[PDB]
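In what follows, chains are A, B, ... by sequence order, proteins preceding strands, each numbered from 1. Indexing begins at 1, ligand by ligand and atom by atom, following the structure's order. Side chains included, hydrogens not; waters and symmetry mates left out as well; all remaining heavy atoms used.
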6 protein chains.
Amino acid sequence: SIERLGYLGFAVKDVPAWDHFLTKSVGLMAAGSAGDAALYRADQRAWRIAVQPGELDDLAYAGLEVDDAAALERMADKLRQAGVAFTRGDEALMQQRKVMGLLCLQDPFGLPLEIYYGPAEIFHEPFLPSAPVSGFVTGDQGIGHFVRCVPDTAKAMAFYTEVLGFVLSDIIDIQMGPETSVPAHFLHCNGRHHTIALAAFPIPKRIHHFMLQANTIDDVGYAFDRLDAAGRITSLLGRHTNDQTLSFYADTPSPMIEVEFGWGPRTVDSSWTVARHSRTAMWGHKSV
Amino acid sequence: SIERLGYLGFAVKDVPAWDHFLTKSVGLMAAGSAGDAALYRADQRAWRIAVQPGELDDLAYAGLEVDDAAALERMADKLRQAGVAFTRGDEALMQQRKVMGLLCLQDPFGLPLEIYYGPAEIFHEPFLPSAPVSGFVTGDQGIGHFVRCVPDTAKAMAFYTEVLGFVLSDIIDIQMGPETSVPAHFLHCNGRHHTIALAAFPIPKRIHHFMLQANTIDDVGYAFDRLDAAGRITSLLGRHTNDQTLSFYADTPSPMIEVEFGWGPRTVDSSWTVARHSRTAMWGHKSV
Amino acid sequence: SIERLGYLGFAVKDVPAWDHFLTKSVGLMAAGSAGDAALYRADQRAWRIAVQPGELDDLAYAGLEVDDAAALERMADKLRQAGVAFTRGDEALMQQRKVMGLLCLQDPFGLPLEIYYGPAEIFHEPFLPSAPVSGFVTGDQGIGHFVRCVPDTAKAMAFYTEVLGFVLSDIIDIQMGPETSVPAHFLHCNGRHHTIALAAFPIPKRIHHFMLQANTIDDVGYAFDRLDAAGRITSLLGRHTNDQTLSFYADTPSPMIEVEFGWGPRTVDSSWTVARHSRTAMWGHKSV
Amino acid sequence: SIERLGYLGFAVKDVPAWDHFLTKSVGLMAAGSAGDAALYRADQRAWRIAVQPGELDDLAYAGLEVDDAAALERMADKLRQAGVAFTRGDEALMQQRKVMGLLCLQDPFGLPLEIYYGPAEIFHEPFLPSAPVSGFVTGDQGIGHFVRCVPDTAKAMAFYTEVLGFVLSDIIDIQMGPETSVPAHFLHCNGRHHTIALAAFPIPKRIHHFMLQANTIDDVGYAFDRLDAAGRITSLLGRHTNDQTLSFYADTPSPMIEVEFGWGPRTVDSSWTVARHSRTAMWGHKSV
Amino acid sequence: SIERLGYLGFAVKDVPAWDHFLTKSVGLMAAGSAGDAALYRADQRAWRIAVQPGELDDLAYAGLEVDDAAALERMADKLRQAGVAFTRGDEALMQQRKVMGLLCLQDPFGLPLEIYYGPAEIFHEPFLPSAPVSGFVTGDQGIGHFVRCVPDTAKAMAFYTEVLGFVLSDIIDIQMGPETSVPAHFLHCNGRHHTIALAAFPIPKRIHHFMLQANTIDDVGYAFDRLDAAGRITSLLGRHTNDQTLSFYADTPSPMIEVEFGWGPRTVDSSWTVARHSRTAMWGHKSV
Amino acid sequence: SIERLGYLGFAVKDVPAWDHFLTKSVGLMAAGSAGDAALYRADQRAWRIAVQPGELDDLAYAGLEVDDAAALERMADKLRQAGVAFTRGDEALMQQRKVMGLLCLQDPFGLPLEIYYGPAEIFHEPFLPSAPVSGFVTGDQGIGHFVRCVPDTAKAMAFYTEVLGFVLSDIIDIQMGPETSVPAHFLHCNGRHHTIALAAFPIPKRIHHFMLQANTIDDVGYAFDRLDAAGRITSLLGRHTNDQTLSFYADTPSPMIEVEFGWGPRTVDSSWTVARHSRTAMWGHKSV
Ligand SMILES: Oc1cccc(-c2ccccc2)c1O
Ligand SMILES: Oc1cccc(-c2ccccc2)c1O
Ligand SMILES: Oc1cccc(-c2ccccc2)c1O
Ligand SMILES: Oc1cccc(-c2ccccc2)c1O
Ligand SMILES: Oc1cccc(-c2ccccc2)c1O
Ligand SMILES: Oc1cccc(-c2ccccc2)c1O
Ligand SMILES: [Fe+2]
Ligand SMILES: [Fe+2]
Ligand SMILES: [Fe+2]
Ligand SMILES: [Fe+2]
Ligand SMILES: [Fe+2]
Ligand SMILES: [Fe+2]
């Protein structure tokens, strides 16, 4: 099974806007380029987020990490047994992604996924944020999370759990209208309360948002002011009912895709219990 | 196997007396109603104790929790293999209990049991006690415990251990007369020393008492005075030989059913050793 | 100023009853005799409590400790400046008390006080309780406390504070009748919330009670049962409003003198604030 | 497999000498009698050591504990599969030992062993030592250890490891003469470095010594002086090479059987490594 | 599988130079001799490094430790199943090495390996360094590590992982020339980030270096000055990218074999993730 | 006032015996020589103990340390005010002692004392013991203590307390005969329970012993065996009543002067209370 989410690649219409957004606002470190993709770092990894020009203005792919070569072969075995098509990344792709091996596939609804192992690290070029942020929480919990929009949650759940090995943490019925709600399913594959959430939202994007977790509450408070100065805030500060992450949301330069910047959630372990919530926030998160 | 005791439902002759008892005396939070049942909270769960009008003046049902949907199906499998009759709760029942799924059955002596998963939580309506209590110890250990009266302890033991997966912690020979004692069996299904105790007591109730655990010794001391002002104390403060819970007992408004309010017991783990005790109290607990 | 209360001497009508009481019930260690006085230990000191035959059935004297020879001379100076009569204990008395020096005086109402330094310790004869008690809290806080009955609290306060250097911690208005209360003044001379309390009670004894503090809550719980078996309990368990000591009271063999056996109070330091309380117990302590 | 050593029974020629030895010298608590056996406690168990009159002047039996009824049946299964004869203790024996069930057998060289579960505890009669000792280290590690004398170490090893489930910790070549040593094998069945050691010593006793572990270094220091006053010291203080227990040895009233009284050893876990030592002491333990 | 690296034996042209090097410079304790081999200690083991005269000027053998006799037989089984030739060490060899049993074999490229259990410890002769070093980090992590030079890394990897049970931690592409690098593979068999690294270096030695880990940073700083006074420094202080060991390198008296003396690395556990690095040092380690 | 004891100088008949004693037995580090004095280290100081040839076979001088130049002038002022003769050490003496300034005087009974400030430290030559000892406890508590023999304790007390600023910790009545004891006075000048003890012993030496404190209990245990192998033990292990130091005594090569090697005492602070003890040992210390 997948151990963690390791990287995200976006294809966007305004690369310079995304560059400024990820560095000056979010605080990531510019890390050069690979082909036509600009690279950004959040820690010791050579890169965590890639941005390339494209009309999609959406997530182009997500990198799903396993711990070793044997693990990758076991994932290939699971894909075969499940009847899910995949192709082994060639040398050129391996060099582009800076990984020792990868399998290329798509989830049931067209999102390209890359399962890999052996990512490149560059401790000789220590991480230096582009904006005031003490650091990000990554490590064994991966880069963060994202909310995957799907037309059929049941179908998506079977794939992510039965094929990829994610596990359901909980469900929140997100109110959409006076008498309409969407049952968002939050999935984990490590200690991070969720790495992927599945939701049947009526937005035309592959994802609703991606999330990064900072080391301190001040990191979040300061980031809010930066994104507010940029005119991008979409929610006030708040704390989630399920993971207890204290965060705020803001627009990325790609319409209808947001970023969530948070701190201090609960983590999960083998004794986790599935529960249901009627609200996304215990407090705050008022839409603006 | 059952992971923890999650809820209790009582059917009583004096609903207002029970309402005052659970709130003003015990300290639970009033949490509205579901049908003809008044609901009470002890933590983030939508409800923990339900009270409905009825001539029983007894425990009407107990909710036994598992961690996920797959776990519930495994319990259904165990019930089938054991020849124990059960029915799947319908949508109406699921909505009434605020759970994602449940199996309805009875123990060998008529106590209705409900095995469920996916309970509702309401962190947006933080718990607020109705009386001075810093909080209750629940979480992975569930709501508390209860002593189940049975006519045949051996038969009850086989069901709770072999079918439901509870495990014997220890036995206390509770003296009843000059030369008569009842071997009470204390069972765990998690870290709580016991969640259910089995005893062949000569009382006409399904249970002898239910127990709630508070966060501090002062919580217990203060609760004693509240219940004493209500004229309900049945024991002085004391500490148990087996779980080392420091508690007192008091009458509920239903004749012959007591409540135990305690603090600071030992917890169990895989290295627990079965032992036998000749007394229920290491000190205190004098009957009054 | 006085550093701590170090010893107590009682003159009683039933020495054997007191012997059994202090050892089998309270848990002190029998430590031989000095003249016609039986000696009892609570720690490394050669003795802490002395019991001698006498019709008083009361506290005969209290030993007030200072840290060195120079300190004792300074106390002699304070007594002289205050016009309080005193005599230096002779060699025989010094040997009897096992101290390097002492001043003999009385408080304004006839209670003999002995200010001393250099007490004897016997670490080669380690303390062994006569009943199950993990140990007592003494050290820099001394042996415990006692409530001194006085006819004139103002006069007593001036002596204990201005002459001996005790400091007021707080006051409790102890209800005596429907519209009658006694303002008990609690005084400290170290970290122990109080070492001496002053109160105008209508009892014919020099003191209302003496108090010993044990290391654990179980120590207290077990002691309660022992004293209850002896038929001596005067209060249920409870916790004080001012020092937060969790204790119970019981009769000593001397009529109208009680013992208090407690655990876990707050301690004081230079930042202590004088306050007033309307009750002696935050919870419990019901009279029996 | 055996979880821990729970009790020892001795048959001796001088019961009063053993009584004084275990209480006044070692510090155990006298705990009445069961038949012609005097009982002694070291903790919450109803008894840990039994002494009965007999010409053996040796260990009469050792109680080997398992955690539950199912565990005991599994041990019966292992004995059957191994061809080791055993008899189930009858009701009278169960009542005598204060256990819920037991299997009676002998090791390959005649030492009676009793495998049991469900021992009686008496927390309402808290442990009170007969001599100054803060307490003993028992719990999951059992009462202590003993060195079993055997004529054939290989044969003894196969039985204790293959049948009873003990595991080798290490070996010490104990020098007997100028060019003669005995390879003592130290075996564990829990965190205690060893519960039983096997050695081909030329003494006519079933065991060389039994060992008790106290809570503090002072406990050991004080016990040394007590046993020295009794004229029983056989070694000066010292510390073992293998378990790092700091102890001393002394004669019991039974010729050639010693007691070891120690503190502060290392404990073992799954990552333990078998090693060999050429000396029993890292320092001290000079024979006297 | 192998649990840890326990000992190293060198065959050298200048025994006196090696003796001075290991004692006065590195700080090991001289521990006598066994045959024509001089012995050196780093902890409680009778020996850790052996030096004997020989033209090789290289590592003569490496001792690979397992936890018990059964483990050794399992390793013999693995060797048989893998078709790897081995011989059981005879009594003379066992006595020479001070072990309870061993298997003698070679890795695919001629390095003699000895798999053993039951090493001798001498706690009665406590370790005393020959130079100022607070101590070495050994224990469950073994003596240290070494970099094994191999002509075929793939072949070496299959043997060390598939046969001996080592596990890949990570890979570093060590730059050799302007457009030439060697993929060094770092392998663990316990918490030590690596115990053996495999690299296709163009040096004529079996190993590139061996490494010892000291308790403090000062240990390393002081050792640097000692080796610098001896004219042996080959690198400045630095910290590795993969294990985060802070160290320096120096020449041993055998040409082209170095020693690494370090402190403070990260350790590994079951959740370790394979990664790739482009540099050996996060900082420092400049060649001199 | 004196801050701590910093150094000791001995004049002895057998320098080689003392050299072996201090290094191979006690564990001090040989530190060259200054004139005809051999120097020994216990920590970062250039020297702590000096040994020179002389018929005295006794302590020749003791170095008493203050924190700065101003402090030394204040001590000169106190000596003048007290009428105690002293001479300022000249440049040659300052260079010999490796100090920035010193005052030379004698105590009332002829022991030369040197009050100094600014001692030399040599961190570039880190301490390396000559025998297995993890280290000594020095720092702000100085090198250790010594027992000063005096003919008139009262006179000695006035000088050490009134002139030098030492403070009485406690008194022990050391039994000399059936009805004879000597009141030993233990004095502190920092956290070390005592730095100098005064006693009217009938020995012809300036001191009874000097004491060094090691970091661990094993340090003490190992040192005992070393001194026992040398045939120098004068007491078994034991623990003192007053400072709770766990130690043993041994003869130095100078007749009637002993060394005490200990661990783990209590320390003193401003809240220390003067007490009296009837024994030097709580346990152990039997004379041999
Ligand atoms: O991390 C999270 C935890 C809980 C809910 C959301 C969420 C809120 C609104 C829309 C979609 C998801 C979330 O992002
Ligand atoms: O929690 C508990 C632990 C031990 C005994 C009891 C008990 C006491 C009297 C009657 C029934 C049970 C109990 O409630
Ligand atoms: O320690 C104490 C703290 C507060 C009140 C009392 C007290 C209660 C009743 C009568 C007299 C004193 C006391 O003893
Ligand atoms: O606990 C122990 C640990 C190591 C050795 C012994 C031992 C010493 C002498 C004779 C027999 C055993 C021991 O008792
Ligand atoms: O411990 C280590 C960790 C990482 C790299 C090296 C290394 C550096 C240069 C040449 C060979 C190995 C190493 O020794
Ligand atoms: O450190 C110490 C603490 C207490 C007593 C002594 C002592 C014992 C015998 C003779 C002289 C002194 C001592 O050395
Ligand atoms: Fe989110
Ligand atoms: Fe209960
Ligand atoms: Fe009181
Ligand atoms: Fe032993
Ligand atoms: Fe290395
Ligand atoms: Fe001393």
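Here the side chain of E:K205 pairs a donor or acceptor atom with the backbone of E:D57 at under 3.5 angstrom. Judged purely by atom type and a 3.5 angstrom limit, E:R148 has no side-chain atom pairing as donor or acceptor with the backbone of E:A199. A distance-only check finds a donor-acceptor pair linking the side chain of E:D219 to the backbone of E:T216 [under 3.5 Å].
Shown in contact with F:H145 at under 4.0 Å from a heavy atom are these atoms of ligand 6, numbered in order with element: 1 (O).
Using a 4.0 Å cut-off between heavy atoms, F:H209 contacts ligand 6 through its side chain alone, with no backbone atom that close. By the criterion of a heavy-atom distance under 4.0 Å, neither the backbone nor the side chain of F:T241 is placed next to ligand 6.
Using 4.0 Å as the threshold, F:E260 has a heavy atom nearer than that to some atom of ligand 6. No heavy atom of F:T245 sits closer than 4.0 Å to any atom of ligand 6.
Of all protein heavy atoms, the one lying nearest to atom 2 (C) of ligand 6 is F:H240 NE2, 3.2 Å. When only non-hydrogen protein atoms are considered, atom 10 (C) of ligand 6 lies nearest to F:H208 CE1, 3.7 Å. Among protein heavy atoms, the minimum distance from atom 8 (C) of ligand 6 is reached at F:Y249 OH, 3.5 Å.
Residue F:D269 places its CG atom among more than 12 non-hydrogen atoms of other residues, nucleotides or ligands, all under 6.0 Å distant.
Here E:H240 does not reach the Fe ion (ligand 11): none of its N/O/S atoms is less than 2.8 Å from the metal. For the Fe ion (ligand 12), the N/O/S atoms of F:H145 include one lying under 2.8 Å.
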Assess whether ring pair (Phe, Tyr, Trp, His ring centres under 6.0 Å) is satisfied between F:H209 and F:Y249, documenting all intermediate values. CA-CA 9 Å; F:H209 72 274; F:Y249 294 81; 5.1 Å; yes

Start with the C-alpha distance between F:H185 and F:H194, add both sets of side-chain angles, then the distance that settles ring pair (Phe, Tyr, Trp, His ring centres under 6.0 Å), and finish with yes or no. CA-CA 9 Å; F:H185 291 54; F:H194 60 281; over 10 Å; no

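In this structure, F:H193 has its ring center at least 6.0 angstrom away from the ring center of F:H145. Between F:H285 and F:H240, the ring centre distance stays below 6.0 Å.
For F:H209, the N/O/S atom at the shortest distance from the Fe ion (ligand 12) is named NE2. Taking the Fe ion (ligand 11) as reference, the nearest N/O/S atom within E:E260 carries the name OE1.
Polar contact with ligand 6: present for F:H194 (N/O pair, distance under 3.5 Å).
When each of F:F146, F:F10, F:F261 is paired with F:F210, the ring pair (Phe, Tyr, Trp, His ring centres under 6.0 Å) condition holds for F:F10 and for no other.
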